[PDB]
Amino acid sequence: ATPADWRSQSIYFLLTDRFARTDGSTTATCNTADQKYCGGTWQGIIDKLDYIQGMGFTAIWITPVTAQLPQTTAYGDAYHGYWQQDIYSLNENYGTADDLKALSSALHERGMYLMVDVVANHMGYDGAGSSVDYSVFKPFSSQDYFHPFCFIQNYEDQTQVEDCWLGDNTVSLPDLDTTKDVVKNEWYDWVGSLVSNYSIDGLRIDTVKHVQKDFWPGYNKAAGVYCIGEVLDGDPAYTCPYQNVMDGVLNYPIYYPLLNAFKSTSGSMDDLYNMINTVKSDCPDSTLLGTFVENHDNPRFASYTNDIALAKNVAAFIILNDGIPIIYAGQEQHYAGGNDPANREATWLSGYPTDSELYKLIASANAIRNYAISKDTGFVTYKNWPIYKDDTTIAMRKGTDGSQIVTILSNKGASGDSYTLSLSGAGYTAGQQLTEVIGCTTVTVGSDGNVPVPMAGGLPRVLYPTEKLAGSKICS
């Protein structure tokens, strides 16, 4: 629940309404285009925690918990949790306060954390902004508590972005005036109680760039746990400084060159390579960020390409990069939905197979990461070091000398040729035996210290000293 506690964590992000139904149906329709509640619940999550923990995740992030606008708007229901209007009540679509507290408990019984998604920027309302009935907003019952109505029109104008409203006149998002101490006192008091009541281990904080910076430190304090913010901008100059104000932020700077590097057989390794060092240098701490290539606000990775080799490579990058890996429910079943609402597919419709190609991959990656962290107290703080690149290849190093994991990633795709990469800079000793932990082969370092890395089928390669795996179950 502390920021240091979270560096070791590996997060599985899910939409409560779309992950698992109480009845456990794997056939119950959920048409993303309809934009309606499909019936996923907190209890549904509890009943599938074997499937989340089996990928070696240690934590889940759920969408917001507060009671939503009730209407079916022109844009559908508030299944997603981001249109709240009664913050001291729960959205009853997902279950009881008992059900929520019981989720936080099936998790803790499992040595797992609970992260909860929280909105402080705004409420939701059905209809135009000029028609908002603020008396519905518990406990922000008057227009005094809110910014004057306006739409955000130029994101370059950071003073709009914080003061004007998100959304449109079809679903408007009344923007709490987070400047005035009535709001600050209320939110801060709210969040600590939220955390206390449900035993929340950490918070993911929505739309952070839309609230002024000096609001957040008191919020992070008040919450009393690790907070990671959604600052949706690809520029490290813009997004990293928000770490000056809260523990982490989602690693959107990495997001874009990460996607482009692997979304086709000719993506730029250079851009990815350079952004890794950029974030290493310039963000306050790259090891407290969240790494992702899929979420609910962007087309899924597979919507760019169904090549499983490329999908394997990106999922590996996410687990083994600096910071906290964040896989989006569905990604492990190779979901291909496009932009919102097409990326909100129900997870149960996949049938939850634990032998799908990406679930075995993500499990192997989490497994070696969790095990390395077991044996190396420096692993989570040793900053990911990009040791090599070429046109189709990036290779990176993380871990204390003698225990480092060295990851070779490729974008040759699933029809790649078979050849041998001579990898310098990995730092191992001549003749040292290395286990490639995805495919469970061995590689030996050899006389000059370069590693002869077999390259086939566009597959990721994840190397770890074989002698250090004496205990584990990793390739046995």
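All residue numbers refer to positions in the sequence shown, first residue = 1. Here, rigid core means the biggest group of C-alpha atoms that superpose within 1.5 Å across both forms.
Using the rigid core as the fitting frame, the root mean square C-alpha deviation in 5 other deposited structures of this protein is greater for 151-159 than for the other of 114-122 and 151-159. In this crystal structure, the stretch out of 184-192 and 372-380 whose C-alpha atoms carry the higher mean B factor is 184-192. For the pair 128-136 and 74-82, the mean B factor over Cα atoms is greater in 128-136.
For the set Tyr328, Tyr256, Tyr145, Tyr304, the PDB entry puts the maximum C-alpha B factor at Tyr145. Residues shown: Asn274, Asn339, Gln333, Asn154. Highest C-alpha temperature factor in the entry: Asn154. In this PDB entry, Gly427 carries a Cα temperature factor that places it within the lowest third of its chain's modelled residues. Among the modelled residues of its chain, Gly167 has a C-alpha B-factor that falls in the highest third, as given in the PDB entry. Ranked within its chain, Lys398 lands in the lowest third, by CA B factor from the PDB record.
Remark: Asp448 belongs to the lowest third of its chain, ranked by C-alpha B-factor as recorded. The deposited CA B-factor of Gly44 belongs to the highest third of values across its chain.
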